Peer 1: 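This is the structure, below, for whatever I ask next.
Values reported hereafter were calculated over all heavy atoms of this structure, with side chains retained and with hydrogens, waters and symmetry mates removed. Just so you know, residue 1 is the first one in the sequence shown, and it goes up from there.
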Amino acid sequence: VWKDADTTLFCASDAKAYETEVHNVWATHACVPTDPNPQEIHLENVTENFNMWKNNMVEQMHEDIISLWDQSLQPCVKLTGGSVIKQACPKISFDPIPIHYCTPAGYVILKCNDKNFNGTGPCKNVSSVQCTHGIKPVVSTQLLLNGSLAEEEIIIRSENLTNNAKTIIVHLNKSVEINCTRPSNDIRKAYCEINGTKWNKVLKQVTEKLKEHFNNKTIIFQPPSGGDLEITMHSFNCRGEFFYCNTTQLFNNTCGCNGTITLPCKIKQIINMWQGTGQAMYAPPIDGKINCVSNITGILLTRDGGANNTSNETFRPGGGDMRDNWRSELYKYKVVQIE
Ligand SMILES: N=C(N)NCCC[C@H](N)C(=O)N1CCN(C(=O)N2CCC[C@H](C(=O)Nc3ccc(Cl)c(F)c3)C2)CC1
Ligand SMILES: *[C@@H]1O[C@H](CO)[C@@H](O)[C@H](O)[C@H]1NC(C)=O
Ligand SMILES: *[C@@H]1O[C@H](CO)[C@@H](O)[C@H](O)[C@H]1NC(C)=O
Ligand SMILES: *[C@@H]1O[C@H](CO)[C@@H](O)[C@H](O)[C@H]1NC(C)=O
Ligand SMILES: *[C@@H]1O[C@H](CO)[C@@H](O)[C@H](O)[C@H]1NC(C)=O
Ligand SMILES: *[C@@H]1O[C@H](CO)[C@@H](O)[C@H](O)[C@H]1NC(C)=O
Ligand SMILES: *[C@@H]1O[C@H](CO)[C@@H](O)[C@H](O)[C@H]1NC(C)=O
Ligand SMILES: *[C@@H]1O[C@H](CO)[C@@H](O)[C@H](O)[C@H]1NC(C)=O
Ligand SMILES: *[C@@H]1O[C@H](CO)[C@@H](O)[C@H](O)[C@H]1NC(C)=O
Ligand SMILES: *[C@@H]1O[C@H](CO)[C@@H](O)[C@H](O)[C@H]1NC(C)=O
């Protein structure tokens with residue numbers, strides 16, 4: 001017997017107590033070892049409601065990653081609130097590791113194992129777990145990287161699809177590689193290579209999934225209509241360096257177009273931080289070939305408003321609220337109290 005409750009979670013990780021990589025160092029002192037003997041408990045014939053868009057776990061992971069980056073990804077200068085601060089900003093080792101979220105005694109985590117679960121409402125195949133699986137805290141905009149994949153079809157997630165202000169999380173069932181490189185020896189110029197055959201296939205499937213939700217209306221993709229570079233570009237951290245990649249070549253409805261898509265990128269030093277209002281300034285990039293090969297496993301989308309008297313729905317890549325990133329992996333969990 002249980003009821004919906006919120007409590008203070010703890011984390012578990014396979015961090016190596018030697019590694020200087022920042023998530024390992026943080027997980028070494030802020031998390032416990034992962035359960036070596038985990039065993040979920042099926043809740044035979046239990047139907048339970050979930051809400052990924054209203055889930056305290058997401059906020060608790062958000063505070064962790066805020067704490068993690070604050071302890072690890074230190075800018076030389078922060079302009080937080082007008083009170084500029086010039087501190088140490090050594091170049092670090094940065095490569096996200098899986099974090100597990102675990103309940104204390106007297107609570108458990110209910111896990112939705114419905115393969116088509118969209119994030120909100122009833123789940124019919126519920127199990128109980130002590131900890132989540134290992135979630136990589138990958139910070140990004142527009143494209144969700146290195147996540148899990150949807151088990152069956154492409155899943156559309158939104159608190160309310162009808163509300164255009166509510167962000168859409170596309171959970172892909174097939175990952176699309178994105179290979180980003182700042183070549184060795186304009187030291188901020190970089191590029192991400194994406195196989196255009198794969199991407200346009202997956203994007204076409206996304207259009208067709210979106211059609212099912214929008215009355216078979218014409219689905220149009222467009223670049224973001226204004227905003228900061230972090231969200232108008234596909235932003236992410238690669239080996240400590242902030243990459244900003246132009247995805248206009250991705251979010252065109254063009255598709256003699258199917259070779260390698262090369263996105264122009266810039267490594268940016270002055271960041272509009274995702275943690276909270278503030279610009280952070282980092283050092284110029286490290287030397288050498290800076291390369292991150294990531295799986296695109298999700299897309300963050302915002303649907304244009306004022307199209308109800310038209311035949312089209314236009315979608316633009318979104319992001320900025322990293323809670324939606326954690327939400328994209330935490331969606332099948334929810335904390336309950338042992339009543
Ligand atoms: N109880 C509640 N429900 N509270 C609501 C929470 C809102 C949240 N606390 C908040 O204040 N917030 C500050 C304003 N925020 C912003 O203004 N922006 C606009 C500028 C860019 C930012 C970007 O995404 N930066 C970025 C940087 C590096 C990388 Cl690698 C990357 F992928 C992305 C996003 C964020 C949330
Ligand atoms: C429920 O999920 C389990 C994994 O926990 C898996 O065997 C299958 O997808 C589902 N099985 C039943 C009997 O519902
Ligand atoms: C998710 O599924 C539930 C089923 O109860 C439904 O009410 C809700 O509208 C669905 N959301 C989306 C975005 O499809
Ligand atoms: C990338 O995707 C492949 C298959 O889609 C998967 O086997 C691999 O584990 C993924 N890599 C990472 C780092 O998640
Ligand atoms: C992914 O989902 C789409 C529907 O959204 C489906 O047509 C396609 O076959 C799926 N691919 C895989 C590998 O499951
Ligand atoms: C979904 O959003 C629309 C648009 O504002 C709103 O009219 C509707 O009431 C919302 N649905 C729910 C369940 O809140
Ligand atoms: C990534 O791109 C670089 C530069 O084009 C290339 O040398 C490397 O082989 C690529 N790696 C993968 C896994 O595609
Ligand atoms: C691009 O993707 C298609 C389909 O997945 C594949 O057949 C092709 O080999 C890929 N191209 C390259 C250059 O890897
Ligand atoms: C991305 O590139 C396109 C085409 O070159 C350009 O029109 C657009 O302004 C670029 N995006 C940004 C945010 O500058
Ligand atoms: C995604 O995972 C791969 C393999 O672990 C890693 O090389 C890459 O840097 C990761 N990408 C990001 C953005 O963390």
Peer 1: Assess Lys268 against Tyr244: is NZ or CZ under 6.0 Å from the centre of the six-membered ring, and within 45 degrees of the ring's axis?
Peer 2: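 Checked: cation-pi criterion met.
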Peer 1: Quick one: sort the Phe251 and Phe221 rings into parallel, tilted or perpendicular, breaks at 30° and 60°.
Peer 2: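 Tilted.
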Peer 1: When you take the SG atom of each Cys, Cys76 and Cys89, is the space between them under 2.5 Å?
Peer 2: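 Yes, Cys76 links to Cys89 through a disulfide.
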Peer 1: Of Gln205, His213, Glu212, which is the lone residue that meets side chain to side chain donor-acceptor pair (under 3.5 Å) with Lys209?
Peer 2: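 Going through the options one by one, the only one that passes is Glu212.
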Peer 1: How many angstroms lie between atom CZ of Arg303 and atom CG of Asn163, to the nearest 0.5 angstrom?
Peer 2: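 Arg303 CZ to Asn163 CG: 8.0 Å, rounded to 0.5 Å.
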Peer 1: Measure the spacing between CD1 of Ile66 and CE of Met273 and express it to the nearest 0.5 Å.
Peer 2: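 Taking CD1 in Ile66 and CE in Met273, the distance rounds to 10.5 Å.
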Peer 1: For the NZ atom of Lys54 and the CZ atom of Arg327, what is their distance to the nearest 0.5 Å?
Peer 2: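 Rounded to the nearest 0.5 Å, the NZ-CZ separation comes to 10.0 Å.
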Peer 1: Should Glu21 and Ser93 be marked as a side chain to side chain donor-acceptor pair (under 3.5 Å) after you check the CA-CA gap, both sets of side-chain angles, and the distance that decides it?
Peer 2: CA-CA 5 Å; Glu21 190 287 322; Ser93 165; 5.2 Å; no
Peer 1: Side-chain contact, heavy-atom cut-off 4.5 Å: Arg316 with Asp304?
Peer 2: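 Yes. Closest side-chain heavy atoms under 4.5 Å.
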Peer 1: Once you find the SG atom in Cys180 and the one in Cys292, is the distance between them below 2.5 Å?
Peer 2: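 No disulfide here.
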Peer 1: Can you check whether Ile154 reaches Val206 side chain to side chain, under 4.5 Å on heavy atoms?
Peer 2: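 Of all side-chain heavy-atom pairs linking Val206 with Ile154, at least one is under 4.5 Å.
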Peer 1: Could you go through the side-chain contact (heavy atoms from CB on, under 4.5 Å) check for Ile267 and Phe242 one step at a time?
Peer 2: CA-CA 5 Å; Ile267 285 181; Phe242 291 95; 5.8 Å; no
Peer 1: Would you say the side chains of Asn246 and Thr248 form a donor-acceptor pair under 3.5 Å?
Peer 2: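 Indeed, the side chains of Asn246 and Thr248 share at least one donor-acceptor pair under 3.5 Å.
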Peer 1: For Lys201, look at atom NZ and say whether over 12 heavy atoms of other residues, nucleotides or ligands are found less than 6.0 Å away.
Peer 2: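 No, because the 6.0 Å sphere around NZ of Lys201 holds 12 heavy atoms or fewer from other groups.
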Peer 1: Should the SG-SG distance of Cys102 and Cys11 be recorded as below 2.5 Å?
Peer 2: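 No disulfide here.
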Peer 1: Does a side-chain heavy-atom distance below 4.5 Å link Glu48 with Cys112?
Peer 2: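 A side-chain contact under 4.5 Å is absent here.
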Peer 1: Taking C-beta and beyond as the side chain, do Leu300 and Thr141 meet within less than 4.5 Å on heavy atoms?
Peer 2: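 With C-beta onward as the side chain, the pair stays apart.
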Peer 1: Compare all side-chain heavy atoms of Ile271 with those of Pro75 and state whether any distance is below 4.5 angstrom.
Peer 2: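 The answer is no, as the side chains (C-beta and beyond) never meet within the 4.5 Å cut-off.
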Peer 1: State whether the number of non-hydrogen atoms from other residues, nucleotides or ligands found under 6.0 Å of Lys198 atom NZ is greater than 12.
Peer 2: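 Yes, the 6.0 Å shell around NZ holds more than 12 heavy atoms from other groups.
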Peer 1: Do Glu241 and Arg182 come within less than 4.5 Å of each other through their side chains, counting heavy atoms only?
Peer 2: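 Of all side-chain heavy-atom pairs linking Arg182 with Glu241, none is under 4.5 Å.
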Peer 1: In terms of SG positions, are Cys192 and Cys265 separated by less than 2.5 Å?
Peer 2: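 No.
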Peer 1: Check whether any side-chain N or O of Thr132 sits under 3.5 Å from a backbone N or O of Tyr101 as a donor-acceptor pair, and report yes or no.
Peer 2: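 Such a contact is found between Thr132 side chain and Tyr101 backbone.
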Peer 1: Going by the angle between their ring planes, with limits at 30° and 60°, are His23 and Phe94 parallel, tilted or perpendicular?
Peer 2: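 Rings of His23 and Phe94: perpendicular, over 60°.
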Peer 1: Students often mix this up, so state it plainly: with edges at 30° and 60°, are the rings of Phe214 and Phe315 parallel, tilted or perpendicular?
Peer 2: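 Rings of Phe214 and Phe315: perpendicular, over 60°.
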Peer 1: Roughly how far apart are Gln249 CD and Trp199 CH2, rounded to 0.5 Å?
Peer 2: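 CH2 of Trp199 is found 12.0 Å from CD of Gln249.
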Peer 1: Specify the closest pair of heavy atoms between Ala307 and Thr310, including all atoms of both residues, with the distance to one decimal.
Peer 2: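 Looking at all heavy atoms of both residues, the closest pair is O-OG1, 3.0 Å.
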Peer 1: Would you indicate whether the side-chain heavy atoms of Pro183 and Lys189 approach each other to under 4.5 Å?
Peer 2: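 When only atoms from C-beta onward are counted, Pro183 and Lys189 do not touch, as no gap falls below 4.5 Å.
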Peer 1: Within this structure, what is the NE2-CD1 distance for the pair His171 and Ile299, rounded to the nearest 0.5 Å?
Peer 2: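 One gets 11.5 Å once the value is rounded to the nearest 0.5 Å.
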Peer 1: Okay, side chain of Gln60, backbone of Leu9: is any donor-acceptor separation there less than 3.5 Å?
Peer 2: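 Present.
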Peer 1: Is a side-chain N or O of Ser140 found less than 3.5 angstrom from the main chain of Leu143, in a donor-acceptor match?
Peer 2: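 Judged by distance alone, yes, a pair lies under 3.5 Å.
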Peer 1: Please say which of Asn45, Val46, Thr47 ends up in a side chain to side chain contact (heavy atoms under 4.5 Å, CB included) with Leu43.
Peer 2: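 That would be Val46; it is the only one of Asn45, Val46, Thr47 passing the side chain to side chain contact (heavy atoms under 4.5 Å, CB included) with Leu43.
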Peer 1: Do any N or O atoms from the side chain of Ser67 and from the backbone of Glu63 form a donor-acceptor pair under 3.5 angstrom?
Peer 2: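 No.
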Peer 1: Measure the CD1-OG distance between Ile155 and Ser328 for me, rounded to the nearest 0.5 Å.
Peer 2: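 If I round to the nearest 0.5 Å, the distance is 13.0 Å.
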Peer 1: Establish, yes or no, whether the cationic atom of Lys111 lies under 6.0 Å from the six-membered ring centre of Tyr333 and within 45° of the ring axis.
Peer 2: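 Judged by the rule, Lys111 and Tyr333 form no cation-pi pair.
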